[PDB]
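S.K.: coords please:
(6 chains)
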Amino acid sequence: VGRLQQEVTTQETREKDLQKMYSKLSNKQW
Amino acid sequence: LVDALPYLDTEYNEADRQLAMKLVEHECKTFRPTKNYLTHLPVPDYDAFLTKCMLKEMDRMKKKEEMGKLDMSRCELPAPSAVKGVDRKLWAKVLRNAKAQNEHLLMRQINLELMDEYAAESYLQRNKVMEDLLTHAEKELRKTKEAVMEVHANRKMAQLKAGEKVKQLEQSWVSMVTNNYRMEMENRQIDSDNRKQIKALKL
Amino acid sequence: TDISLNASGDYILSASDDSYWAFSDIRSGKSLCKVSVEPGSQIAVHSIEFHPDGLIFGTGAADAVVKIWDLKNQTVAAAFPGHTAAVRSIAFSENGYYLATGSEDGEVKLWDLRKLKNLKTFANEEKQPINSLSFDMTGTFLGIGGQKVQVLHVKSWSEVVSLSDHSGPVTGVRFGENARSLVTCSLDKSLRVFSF
Amino acid sequence: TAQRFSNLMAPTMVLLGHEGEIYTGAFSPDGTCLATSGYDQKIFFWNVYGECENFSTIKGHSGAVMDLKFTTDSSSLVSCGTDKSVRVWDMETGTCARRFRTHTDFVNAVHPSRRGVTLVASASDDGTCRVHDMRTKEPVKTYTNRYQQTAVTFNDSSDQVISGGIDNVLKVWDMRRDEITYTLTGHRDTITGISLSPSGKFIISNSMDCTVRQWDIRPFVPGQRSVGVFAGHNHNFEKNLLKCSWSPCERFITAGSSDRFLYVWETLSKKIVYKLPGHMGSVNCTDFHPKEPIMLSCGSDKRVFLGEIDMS
Amino acid sequence: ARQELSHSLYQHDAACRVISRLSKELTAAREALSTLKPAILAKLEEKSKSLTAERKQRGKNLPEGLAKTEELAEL
Amino acid sequence: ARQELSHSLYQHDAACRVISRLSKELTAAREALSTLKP
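M.R.: Residues are numbered from 1 along each chain as shown, chains lettered A, B, ... in the order given. Below, you will see the structure:
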């Protein structure tokens, strides 16, 4: 269980980074 | 680190058992019991407490020889023949035996007669004690069976409760990997901006 | 962490703290094969050896690994662990029907190279660190030590002498011809030679 | 003896002193106190622990306080009402720090920006969302929608304003574009409250259609933004702006209900986990304590109920 | 019982060699997903095909000049 | 010794269950990569 929570949390922080990018990117395409 | 949870890892089949052990066989074909695995246990002294006498008796049955037996022909007591009756001692040794058996038979009769008075009662009393041990042993057997079963209960109640978290976190992880990889392709495709920005800058 | 020489002399065999082993030609410099023992972790391999029959030699690594290698297939072939802790040295005899191993968990043992089983053990009261091992020229004596030094006559398997002239742990051990000399380096900041 | 889950003085506490329908209630983010108000126009403060004494009572609105939120640092309370005004109340002073006198009709909902400069989103019966910056009298943004707006929130980055109203569709206004970048369509009837998840990924939105719909408000979503639908609660003929709120761990969701029951749903399964009785009228506002498993519920019955729940 | 205990612990420790290899190989496989972005040896066998069995032919005895147990005691 | 043997036999049995399970997971993860990079 502890390992899976780290694997999940690695993607959780990866997702926030990728969506801060996507907003920054799409707000430059506009 | 072994981390099996057999009430959650329920898929484990006999075909998996054969395959899994075949892998360890291809390893243990190449890895052998050279280490002294028993360093956490004492070495046994099989001859603890034994006397010099009992050692030789162990070594007899260790070499697989039969035990000695008492000769019991003294109860039948053959008469001597004509060629041994010249030995006066060898005649006395017959009579003295016949006197000894007379008293063994007398004491046997006294034992049997007392046994006829009290064996039936004492055997009945013996069984009544022995019966109690059996019921009390079956009580202990039943009591310990439930305790073993209770441990299986506490294991399943733990493994299943953990099995939900494993199933949620696994399902969550796989859903984000596919979603996050998708976003990585989008953020590449939206760098078409770099194309339009150049063309608009030349204009 | 360790290196060893092919009996033909032209080729170098090697192991490292990265869980990998590598093998190369000395005479041209070309690497010839390399594998991860187990990839995906930085794990201490800390010995490697070559055995002059050609093969059936191995590596020692962190979690009491002592793996002989099926060199064609990049997998284990045999093993001689005897420890819970890592193994600092592995030595074959000339004919490879004796081998000895030891570790800082406090014992040294003699090994059936021919059948992959234990034969004999050296044991001691204190379980002191053992830092190196060496057969003699022939395999009839075995120096044992770390914080202190001792030598055994293996053909009788009895302890012979105890040496305390070092003022610190020993780091590497060799024996001379006919077991008549012993060569040692130590944390006492000297190199010291023993003989009779 | 019985299990306990919090430092509450009893597993359920009943807080009494309001004089009218309690439309709104919120915990301080530090967990020390909670603030509640409604048709009686006074704002009552209560400690969460011990005797839960009503240690302060702000007054000043000339109308019902429709909605009431703490700023994230807990240093100020934002409140808005039928006096067409948003007010920011300084906690240490107990005083009106600012009075955004610029709406032209009742203000139905208010939400302070989560971080950065303090901005106050507000939605009103004039049809406009407005974002007010503490440093200026004039609003930063005015987003005129055509129909009365009843609920508002920022997104977590505080750069989109999400609002809903009589048109049932939620608008999402992008504050750098000044356009509706997308709308969330699915409610059958007017929205009564919107609340933003702690992580900011999701919003819930309560409506007079007696459903709560969970929406994915993340910048990229690979498909439909409707995540799921919760049901069980009811909206009666009083047409109160029944609020909604998030558990601080996001595993649970609440909404106000006219059926007297305090509803909790589990976010993942959508099952009702609690349907606690005890109110005698519309449970207008519901909130979770930010650090400890405690439920707030505010009734039309002038009662506030505090109680433990097993947040397993 | 002491024979079987040694073999099971051996078979247990032999299985842990397999768990260790696969667990890291699973971990490296999942790590890719977690970060996914768009010949003399044979002659050595030949020599091994005598010397591991041949060398009795020459090593018939231990050397005569090798130190005796009583001599190395003077180290 | 019989107690220790019993404990060793179940630990060995659990170890073989892991070797099954890690082999199942390892192939599933490899199929997840082939579902996304190709």
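
S.K.: which residue ranges form the strands in the stretch 201-312 of chain D?
M.R.: D:202-207, D:211-216, D:226-231, D:244-246, D:252-255, D:262-266, D:272-276, D:283-288, D:294-299, D:303-308 (DSSP state E, counting those that start in this stretch).

S.K.: Distance to residue C:74 and mean neighbour count for these - can I get that in JSON lines?
M.R.: Quick note: C-beta positions are derived from backbone N, CA and C, even for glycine. What follows is the strands of the stretch 201-312 of chain D, written out as JSON lines (distance: least, Cβ to Cβ, whole Å; neighbours: other Cβ atoms under 10 Å in any protein chain shown):
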{"stretch": "strand D:202-207", "distance to residue C:74": "50", "mean neighbour count": "26"}
{"stretch": "strand D:211-216", "distance to residue C:74": "48", "mean neighbour count": "21"}
{"stretch": "strand D:226-231", "distance to residue C:74": "49", "mean neighbour count": "16"}
{"stretch": "strand D:244-246", "distance to residue C:74": "54", "mean neighbour count": "24"}
{"stretch": "strand D:252-255", "distance to residue C:74": "53", "mean neighbour count": "27"}
{"stretch": "strand D:262-266", "distance to residue C:74": "51", "mean neighbour count": "23"}
{"stretch": "strand D:272-276", "distance to residue C:74": "55", "mean neighbour count": "16"}
{"stretch": "strand D:283-288", "distance to residue C:74": "57", "mean neighbour count": "28"}
{"stretch": "strand D:294-299", "distance to residue C:74": "61", "mean neighbour count": "26"}
{"stretch": "strand D:303-308", "distance to residue C:74": "61", "mean neighbour count": "21"}
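
S.K.: Residue C:57 and residue C:68 touch, don't they?
M.R.: Yes. Between residue C:57 and residue C:68 a contact is recorded at 6.4 Å, counting by Cβ atoms under 8 Å.

S.K.: what's the neighbour count on the closest residue to residue E:32 other than its chain neighbours?
M.R.: In space, and not counting its chain neighbours, residue E:32 is closest to residue F:33: 6.0 Å by Cβ to Cβ, 6 or more residues apart in numbering or on different chains. Neighbour count of residue F:33, defined by other Cβ atoms under 10 Å in any protein chain shown: 15.

S.K.: ok, residue F:33 - contacts?
M.R.: Going by Cβ atoms under 8 Å, 6 or more residues apart in numbering or on different chains, residue F:33 touches E:29, E:32-33, E:36.

S.K.: for the closest residue to residue D:101 other than its chain neighbours, what are its contacts?
M.R.: If the residues on either side of it in the chain are set aside, residue D:101 comes closest to residue D:85, at 5.6 Å by Cβ to Cβ, 6+ apart. Residue D:85 sits next to D:61, D:63, D:99-101, D:103, D:107 when contact means Cβ under 8 Å, 6+ apart.

S.K.: what does residue C:191 give?
M.R.: Neighbouring residues of residue C:191 by Cβ under 8 Å, 6+ apart: C:183-185.

S.K.: looking at the residues you listed, which has the most residues close by?
M.R.: The residue in the contacts of residue C:191 with the most neighbours, by other Cβ under 10 Å, is residue C:184 (23 neighbours).

S.K.: I'd like to know which of the strands of the stretch 201-312 of chain D lies nearest to residue C:72.
M.R.: Residue C:72 lies closest, by Cβ to Cβ, to one member of the strands of the stretch 201-312 of chain D: strand D:211-216, at 55.3 Å.

S.K.: gap between that closest one and the chain center?
M.R.: Centroid separation for strand D:211-216 versus its chain: 15 Å, with Cα atoms, centre = their mean, to the nearest Å.

S.K.: Please name every helix or strand in contact with that strand.
M.R.: Helices and strands touching strand D:211-216, as assessed by 3 or more Cβ pairs under 8 Å, 6 or more residues apart in numbering or on different chains; DSSP states H and E, comprise strand D:202-207, strand D:226-231, strand D:252-255.

S.K.: from the contacts of residue F:33, which ones fall inside helices?
M.R.: Among those, the members found in helices (DSSP state H) are E:29, E:32-33.

S.K.: Near chain E, which residues of chain B are found?
M.R.: By Cβ under 8 Å from any Cβ of the partner chain, the residues of chain B that approach chain E are B:1-2, B:23-24, B:27-28, B:31-33, B:35, B:37-38, B:41, B:44, B:177, B:181, B:184-185, B:188.

S.K.: which of those count as buried?
M.R.: Those of the residues of chain B next to chain E that meet the buried threshold are B:2, B:23-24, B:27-28, B:31-33, B:35, B:37, B:177, B:181, by 16 or more other Cβ atoms under 10 Å in any protein chain shown.

S.K.: among these, which are in strands?
M.R.: Judged by DSSP state E, strands contain none of those.

S.K.: got those residues as CSV, with distance to residue B:73 columns?
M.R.: Formatted as CSV, those follow (distance: Cβ to Cβ, whole Å):
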residue, distance to residue B:73
B:2, 66
B:23, 67
B:24, 63
B:27, 65
B:28, 60
B:31, 63
B:32, 59
B:33, 55
B:35, 59
B:37, 55
B:177, 92
B:181, 97
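
S.K.: Return the member of these nearest to residue B:143.
M.R.: Ranked by distance to residue B:143 (Cβ to Cβ), these are led by residue B:2 at 30.8 Å.

S.K.: Contacts only, for residue B:61.
M.R.: Residue B:61 is in contact with residue B:67, counting by Cβ under 8 Å, 6+ apart.

S.K.: CA atoms only: put the one helix or strand it maps to into CSV for me.
M.R.: Using DSSP states H and E, the element containing residue B:61 is helix B:52-62. This file holds the C-alpha atoms of helix B:52-62, laid out as CSV (Å, rounded to 0.1, in the frame of the first residue of the first chain):
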residue,chain,number,x,y,z
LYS,B,52,28.2,-45.5,29.6
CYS,B,53,25.8,-48.4,29.7
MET,B,54,23.0,-46.7,27.7
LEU,B,55,25.5,-45.6,25.1
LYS,B,56,26.4,-49.2,24.2
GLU,B,57,22.7,-50.0,24.2
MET,B,58,22.0,-47.1,21.8
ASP,B,59,24.9,-48.3,19.6
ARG,B,60,23.4,-51.8,19.5
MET,B,61,20.1,-50.6,18.1
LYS,B,62,22.0,-48.0,16.0
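
S.K.: Now the phi/psi pair for residue 21, please.
M.R.: All of this is about chain A. phi -60, psi -50 (degrees, to the nearest 10).

S.K.: hm, I was asking about chain D
M.R.: Per-residue torsions, residue D:21: phi -60, psi 120 (degrees, to the nearest 10).

S.K.: what's the burial count for it?
M.R.: 19.

S.K.: Next, residue B:110: secondary structure please.
M.R.: At residue B:110, secondary structure determined by DSSP: H, G, I helix; E, B strand; the rest coil is helix.

S.K.: how near is it to residue B:75?
M.R.: 18 Å (Cβ to Cβ, to the nearest Å).

S.K.: try residue D:221
M.R.: Between residue D:221 and residue B:75 the computed distance is 105 Å (Cβ to Cβ).

S.K.: can you check residue C:83 too?
M.R.: To residue B:75, residue C:83 is 67 Å away according to Cβ to Cβ.

S.K.: Neighbour count for those two, which is higher?
M.R.: Remark: of residue C:83 and residue B:75, residue C:83 carries more neighbours, 23 against 9, as counted by other Cβ under 10 Å.

S.K.: So which residues on chain B come close to chain D?
M.R.: Near chain D, when you scan chain B using Cβ under 8 Å from any Cβ, you find B:168, B:179, B:182-183, B:186.

S.K.: Just the buried subset of these, written out for ChimeraX, thanks.
M.R.: With 16+ other Cβ under 10 Å as the criterion, this ChimeraX line picks the buried residues out of these:
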select /B:179,183,186
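
S.K.: near chain A, from the residues of chain B next to chain D?
M.R.: When contact is defined as Cβ under 8 Å from any Cβ, the residues of chain B next to chain D meet chain A at B:179, B:183, B:186.

S.K.: need these in JSON lines with secondary structure, can you?
M.R.: Listed next are those as JSON lines, based on three-state DSSP:
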{"residue": "B:179", "secondary structure": "helix"}
{"residue": "B:183", "secondary structure": "helix"}
{"residue": "B:186", "secondary structure": "helix"}
